[PDB]
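Heads up, the thing below is written out as structure tokens.
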Ligand SMILES: CC1=C(C#C/C(C)=C/C=C/C(C)=C/C=C/C=C(C)/C=C/C=C(C)/C=C/[C@@]23O[C@]2(C)C[C@@H](O)CC3(C)C)C(C)(C)C[C@H](O)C1
């Protein structure tokens with residue numbers, strides 16, 4: 476519908492996912508799957524997988540900023 | 244103080260222009276030369292723009308006369324980037340020396356417009372006023388050559404060859 | 132403060148200007164005005180060298196672009212033409228002292244006063260000179276190393292760090 | 428009347444005293460040495476600035492809304508109709524601005540730079556300087572937009588987003604190193 480995308484956090488996520496190629500060159504893999512990439516799964520169960528942000532993530536985040544203020 | 248006249252029939256010269264420097268015809272409607280220190284600079288720039296234009300309008304025609312294409316086809320006949328680099332690399336010392344009036348760090352106090360290269364001793368007021376006069380033509384000419392090429396698209400000498408055989412129906 | 136134990140300070144250099152350690156064996160700055168220009172040129176060679184050394188190590192180390200002597204990637208006349216067009220008014224205005232035709236106005240042509248934080252003193256001048264001399268030395272090193280070892284300067288540092296007594300100046 | 432200067436240790440022109448808002452001693456080409464031209468220049472500077480401020484918001488905001496890019500608008504919109512209708516609308520307004528009023532002799536003598544269209548009484552010799560400085564910033568911006576239009580051939584929000592995503596592969600260096 477009317478989209479409210481969290482574009483700054485998406486930008487930050489992308490940068491953290493690409494970090495091992497320029498800005499943290501001597502690192503092999505990124506710090507966590509959260510930033511992007513493949514699902515880590517031990518046996519069948521998911522250990523970690525990318526967490527994507529959209530309108531729902533935008534509204535909850537601004538609710539958080541409200542209640543802390 | 245204008246013996247040689249003014250740019251418009253009955254025009255008044257501006258207050259900063261008092262017929263003292265060569266080829267003054269009392270023309271400054273936008274008052275760009277009101278400040279004298281600026282007008283001193285302006286004078287050198289006009290003469291230089293003039294001397295550069297005269298070598299250029301020659302260089303746009305005299306190659307064409309000897310069958311080498313027009314000035315807009317010179318990009319085919321030379322490596323455009325490369326010559327531009329050597330021109331900028333040779334202009335760098337010589338333009339600096341022109342501006343500095345010499346080779347030493349603390350300026351030279353030579354006349355940087357009229358340096359002294361004259362083995363024939365022709366340096367007179369008439370010739371100073373003829374440098375600028377022939378210059379203002381060549382600038383106007385070069386302004387033509389560009390605008391003629393944008394409106395037409397044939398050679399400069401072809402536009403002349405048109406106009407003698409087409410007085411009415413040139414424009 | 133002297134460059135070797137008690138080499139008598141040559142009399143052109145007394146010890147007012149920062150960076151004097153009584154060198155000048157060839158007596159190149161025996162005259163005060165040529166000393167003045169040499170001072171400008173020392174600081175300027177310094178500042179460029181410091182940008183250059185940061186340039187060459189930073190491109191190979193921090194930005195993983197490769198060795199600094201590889202130029203096959205880009206077209207050199209194009210960069211030269213661009214660079215010269217950009218650098219020309221900035222290097223004219225620096226030499227000039229400002230923007231006027233007679234221009235020796237405004238700021239100093241070595242220390243023009245671009246300090247927001249207000250940190251300019253004699254001591255910091257000395258620090259600038261000393262870091263500049265080190266960077267000049269480094270830049271000469273980079274060139275000579277490039278032509279003797281034939282490989283990248285970080286690779287040279289790698290070879291000295293791995294085995295210093297085997298990999299050094301007597302390669 | 429202390430005021431800052433546009434370049435560290437320079438000396439200001441003698442005709443720029445600080446008497447007017449946003450004077451920073453900047454006239455090297457001597458284009459305001461005569462006082463009557465300096466009067467018109469002053470009106471022109473504020474008016475070019477006001478129009479650049481409108482322009483740069485007009486150029487950026489419909490591209491943000493996905494309504495198109497500012498320099499590609501003329502393949503969906505007819506230019507000549509737009510420009511005819513605009514000059515019809517603008518003409519009596521510009522007339523009155525230059526005139527000083529509605530009368531043939533000026534009559535109702537209004538300030539043609541600072542008329543009173545201010546319901547909040549916010550006008551000071553400070554807000555004047557803020558208006559000038561915001562305007563100068565916008566003029567530099569609209570210069571940027573036009574040159575960027577030619578060099579990169581993408582819109583300005585796209586140009587920003589490209590610089591943010593690939594700061595090394597989308598900057599003036601890389602874009603001018605290539606034929607463009
Ligand atoms: C003082 C004195 C004497 C002396 C002396 C001495 C020791 C003088 C030594 C001079 C010395 C050693 C001067 C170095 C300068 C280096 C510079 C400016 C280099 C900049 C280099 C730059 C700006 C680099 C740019 C680039 O690298 C970048 C960033 C990436 C590359 O991809 C591309 C290039 C290469 C373009 C005498 C003669 C002994 C006796 C006398 O009596 C007194």
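Protein chains in written order, with the entry's author numbering: chain A, 476 to 544; chain 11, 244 to 414; chain 6, 132 to 302; chain 7, 428 to 607.
Heads up, the beta-carbon is just placed ideally off N, CA and C, and yes, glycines get one too.
For residue 199 (chain 6), the distance from the CB to the nearest heavy atom of ligand 1 is below 7 Å. Nearest to residue 510 (chain A) by alpha-carbon distance, out of 484 (chain A), 492 (chain A), 499 (chain A), is 492 (chain A). Here the alpha carbons of residue 528 (chain A) and residue 199 (chain 6) stand approximately 42 Å from one another. Under a criterion of Cβ atoms nearer than 9 Å, the residues of chain 7 adjacent to residue 281 (chain 11) are, in order, 455, 456, 457, 458, 460. Under a criterion of Cβ atoms nearer than 8 Å, the residues of chain 6 adjacent to residue 436 (chain 7) are, in order, 237, 238, 239, 243, 244. Around the beta carbon of residue 134 (chain 6), a 10 Å sphere encloses fewer than 16 other beta carbons of the protein chains shown; the residue is thus reported as exposed. Under the DSSP assignment, residue 523 (chain A) falls in the beta strand (DSSP E) whose first and last residues are 520-523. One thing to note: residue 493 (chain 7) has its Cβ no nearer than 8 Å to the Cβ of residue 503 (chain 7). Residue 515 (chain A): member of the beta strand (DSSP E) spanning 515-517, first to last residue. Counted as a single uninterrupted DSSP element, the alpha helix (DSSP H) harbouring residue 586 (chain 7) occupies residues 583-592. For residue 196 (chain 6), there is no enclosing alpha helix (DSSP H), as DSSP marks it with neither H nor E. Within the model, the alpha-carbon separation for residue 538 (chain A) versus residue 209 (chain 6) is close to 54 Å. The alpha-carbon of residue 533 (chain A) is positioned some 11 Å away from that of residue 483 (chain A). A straight line joining the alpha-carbon of residue 444 (chain 7) with that of residue 559 (chain 7) spans about 17 Å. In this structure, the beta-carbon distance from residue 140 (chain 6) to residue 153 (chain 6) falls below 8 Å.
DSSP places residue 530 (chain 7) in the strand class (E or B) of the three-state scheme. Relative to ligand 1, the beta carbon of residue 159 (chain 6) is positioned inside 7 Å of a heavy atom. The C-alpha of residue 162 (chain 6) is placed about 11 Å away from the C-alpha of residue 142 (chain 6).
Within the chosen limit of 7 Å, ligand 1 does not reach the beta carbon of residue 133 (chain 6) with any heavy atom.
Set against 7 Å, the gap from the CB of residue 187 (chain 6) to the closest heavy atom of ligand 1 is smaller. Around the beta carbon of residue 284 (chain 11), 16 or more other beta carbons sit within 10 angstroms, so the residue counts as buried. Secondary structure within the stretch 273-297 of chain 11: not one fully enclosed alpha helix (DSSP H) run of 4 or more consecutive residues is present. For residue 571 (chain 7), the enclosing alpha helix (DSSP H) covers residues 554-578. In the three-state DSSP reduction, residue 320 (chain 11) falls in the helix class (H, G or I). Pairing residue 500 (chain A) with residue 298 (chain 6), the inter-Cα distance amounts to about 27 Å.
Around residue 354 (chain 11), no beta-carbon contact reaches into chain 7 at under 7 Å, the shortest distance being about 21 Å.
For residue 246 (chain 11), no CB of chain 6 lies under 8 Å from its own CB, so it is not counted at the interface with that chain. Judged by DSSP in its simplified three-state form, residue 547 (chain 7) adopts coil rather than helix or strand.
Separation of residue 188 (chain 6) and residue 194 (chain 6) (C-alpha to C-alpha, rounded to the nearest whole angstrom) is 9 Å. Residues of chain 11 with a Cβ closer than 7 Å to the Cβ of residue 168 (chain 6) are, in chain order, 348. In this structure residue 260 (chain 6) touches residue 174 (chain 6) by the C-beta definition: roughly 7 Å separates them, less than 8 Å.
Contact fails between the stretch 458-469 of chain 7 and the stretch 231-238 of chain 6, because fewer than three Cβ pairs, one in each stretch, are under 8 Å apart.
Boundaries cannot be given for residue 155 (chain 6), as no alpha helix (DSSP H) includes it and DSSP labels it neither H nor E. In this structure, 266 (chain 11) is the residue among 298 (chain 11), 361 (chain 11), 266 (chain 11) with its C-alpha nearest to the C-alpha of residue 287 (chain 11).
Residue 269 (chain 11) sits close to residue 260 (chain 11), with the two beta carbons spaced by under 8 Å.
Here DSSP, grouped into helix, strand and coil, assigns residue 503 (chain A) to coil.
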